[PDB]
């Protein structure tokens, strides 16, 4: 749904991550690969060991699509349709997996921003990554 309160909560958050988005997205992935090793299966083609250079590159790419979405909050199918055919059509990623990455993304933000990561904020954020997950599995 996303109220005006949700829309503006998001933009403050991505306003605050600034250029950490990259290293955050790395941490979120690194967090997913360990708490949910089932996911490692989707990345058989790259090195994935805790600290890593290909995990770093994919990391940045992820957080970019998060920056993109936050900008086009109101046109999420529009903004992310090219990542829909990638995941839903090409890779056939389980729809359960997006719940694991969204969670690890929240543990990352919550870790780095104790002041901002309030309940009210955290619901919008969850809700946001749910529609980013939705559109991602929309095909």
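Numbering follows the first chain given and starts at 1.
Engineer: As stated in the PDB record, which stretch has the larger average Cα B-factor, 115-123 or 14-22?
Structural biologist: Of 14-22 and 115-123, the stretch with the higher C-alpha B-factor average is 14-22.
Engineer: Mean Cα B factor from the PDB record: higher for 54-62, or higher for 31-39?
Structural biologist: Result of the comparison: 54-62.
Engineer: Could you check 96, 107, 101, 73 and tell me which one carries the biggest Cα B-factor in the deposited entry?
Structural biologist: 73 has the highest C-alpha B-factor of those listed.
Engineer: Please rank the C-alpha B-factors of the chain's modelled residues and tell me whether residue 133 sits in the lowest, middle or highest third.
Structural biologist: Lowest third of the chain for residue 133's C-alpha B-factor.
Engineer: Consider only the C-alpha atoms of the modelled residues in this chain, order them by B-factor as the entry records it, and name the third containing residue 84: lowest, middle or highest.
Structural biologist: Highest third, going by the recorded CA B-factors of the chain.
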